[PDB]
Amino acid sequence: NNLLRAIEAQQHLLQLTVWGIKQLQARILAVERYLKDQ
Amino acid sequence: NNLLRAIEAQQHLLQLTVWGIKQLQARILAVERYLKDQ
Amino acid sequence: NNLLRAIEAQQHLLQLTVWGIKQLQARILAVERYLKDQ
Amino acid sequence: XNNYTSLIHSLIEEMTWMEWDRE
Amino acid sequence: XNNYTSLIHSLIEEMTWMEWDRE
Amino acid sequence: XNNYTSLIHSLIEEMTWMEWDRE
């Protein structure tokens, strides 16, 4: 049961890392575009 | 068996987050260098 | 036992992805601020 | 990311950025 | 991230960026 | 990342950015 619970919790961690990576990809892309546009 | 399959799938997810983090590290580094060079 | 060991190791991987995401968030934020300040 | 995430949900109950999002 | 990380430690032994850090 | 990834592969079958890549 502890092992199932750990995987459940680790999926939530992975979902949060995915959210953060997507935020950062969009923000680095906006900066790259800003510098191209300047 | 479901638990082994979940860990297999979660390793693939981790490998994809690693790929994305490496892409972002290289792109933020290139931007930092571009701004230093300007 | 292999399954417990895999989750232990995958937690260490998740902790490293978290470290990298935090580094990148701080560095993209510094660049955004630098460009705002220019 | 979506494909593996969906699979893991089902198991637990029971390169480009577009492709990255899909996987 | 801290909340889930703490839980997993205990199990294995046995949106904003501030909220992201907490979870 | 490489060290833990290799280990997990074997188990399932059976700070700087350079160090981050190694681990």
# chains A, B, ... in the order shown; residues from 1 in each chain; ligands from 1
>>> residues_around(residues="stretch 18-35 of chain B", least_positions_apart="5", cutoff="8 Å", atoms="only C-alpha atoms", output="JSON, numbers by chain")
{"A": [21, 24, 25, 28, 32], "C": [17, 20, 21, 24, 27, 28, 31]}
>>> residues_around(residues="stretch 9-22 of chain D", least_positions_apart="3", cutoff="12 Å", atoms="only C-alpha atoms", output="PyMOL selection string")
(chain A and resi 1+3-12+15+18-19+21-22+25-26+29) or (chain B and resi 1-10+12-21+23-24) or (chain D and resi 1-6)
>>> select_by_dssp(residues="chain D", states="helix (DSSP H, G or I)", output="VMD selection string")
chain D and resid 2 to 13 17 to 22
>>> decode(residues="stretch 20-31 of chain C", atoms="N, CA, C and O atoms", output="PDB file, in the first residue's frame")
ATOM      1  N   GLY C  20      16.565  21.811 -10.807  1.00  0.00           N
ATOM      2  CA  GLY C  20      16.877  22.448 -12.095  1.00  0.00           C
ATOM      3  C   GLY C  20      15.798  23.441 -12.468  1.00  0.00           C
ATOM      4  O   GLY C  20      16.103  24.534 -12.937  1.00  0.00           O
ATOM      5  N   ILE C  21      14.540  23.096 -12.212  1.00  0.00           N
ATOM      6  CA  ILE C  21      13.394  23.997 -12.561  1.00  0.00           C
ATOM      7  C   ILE C  21      13.515  25.303 -11.754  1.00  0.00           C
ATOM      8  O   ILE C  21      13.387  26.379 -12.311  1.00  0.00           O
ATOM      9  N   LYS C  22      13.884  25.199 -10.477  1.00  0.00           N
ATOM     10  CA  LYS C  22      14.032  26.390  -9.607  1.00  0.00           C
ATOM     11  C   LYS C  22      15.184  27.269 -10.123  1.00  0.00           C
ATOM     12  O   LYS C  22      14.987  28.503 -10.229  1.00  0.00           O
ATOM     13  N   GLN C  23      16.328  26.651 -10.480  1.00  0.00           N
ATOM     14  CA  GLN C  23      17.441  27.416 -11.088  1.00  0.00           C
ATOM     15  C   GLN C  23      16.929  28.172 -12.322  1.00  0.00           C
ATOM     16  O   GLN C  23      17.216  29.376 -12.476  1.00  0.00           O
ATOM     17  N   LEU C  24      16.157  27.507 -13.175  1.00  0.00           N
ATOM     18  CA  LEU C  24      15.752  28.111 -14.470  1.00  0.00           C
ATOM     19  C   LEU C  24      14.723  29.212 -14.247  1.00  0.00           C
ATOM     20  O   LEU C  24      14.855  30.252 -14.892  1.00  0.00           O
ATOM     21  N   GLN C  25      13.820  29.035 -13.273  1.00  0.00           N
ATOM     22  CA  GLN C  25      12.791  30.040 -12.950  1.00  0.00           C
ATOM     23  C   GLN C  25      13.511  31.313 -12.486  1.00  0.00           C
ATOM     24  O   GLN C  25      13.224  32.412 -12.969  1.00  0.00           O
ATOM     25  N   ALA C  26      14.535  31.155 -11.650  1.00  0.00           N
ATOM     26  CA  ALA C  26      15.253  32.333 -11.127  1.00  0.00           C
ATOM     27  C   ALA C  26      16.016  33.002 -12.259  1.00  0.00           C
ATOM     28  O   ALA C  26      16.038  34.216 -12.338  1.00  0.00           O
ATOM     29  N   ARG C  27      16.604  32.220 -13.164  1.00  0.00           N
ATOM     30  CA  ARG C  27      17.423  32.817 -14.232  1.00  0.00           C
ATOM     31  C   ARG C  27      16.528  33.507 -15.286  1.00  0.00           C
ATOM     32  O   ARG C  27      16.886  34.617 -15.756  1.00  0.00           O
ATOM     33  N   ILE C  28      15.375  32.922 -15.627  1.00  0.00           N
ATOM     34  CA  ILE C  28      14.438  33.548 -16.623  1.00  0.00           C
ATOM     35  C   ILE C  28      13.847  34.812 -15.998  1.00  0.00           C
ATOM     36  O   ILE C  28      13.874  35.872 -16.645  1.00  0.00           O
ATOM     37  N   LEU C  29      13.489  34.747 -14.712  1.00  0.00           N
ATOM     38  CA  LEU C  29      13.015  35.929 -13.980  1.00  0.00           C
ATOM     39  C   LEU C  29      14.083  37.025 -13.993  1.00  0.00           C
ATOM     40  O   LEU C  29      13.738  38.164 -14.277  1.00  0.00           O
ATOM     41  N   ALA C  30      15.363  36.717 -13.713  1.00  0.00           N
ATOM     42  CA  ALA C  30      16.404  37.771 -13.726  1.00  0.00           C
ATOM     43  C   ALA C  30      16.493  38.420 -15.103  1.00  0.00           C
ATOM     44  O   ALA C  30      16.727  39.616 -15.190  1.00  0.00           O
ATOM     45  N   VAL C  31      16.398  37.612 -16.175  1.00  0.00           N
ATOM     46  CA  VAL C  31      16.501  38.127 -17.573  1.00  0.00           C
ATOM     47  C   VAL C  31      15.276  39.015 -17.883  1.00  0.00           C
ATOM     48  O   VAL C  31      15.428  40.113 -18.426  1.00  0.00           O
TER      49      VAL C  31
END
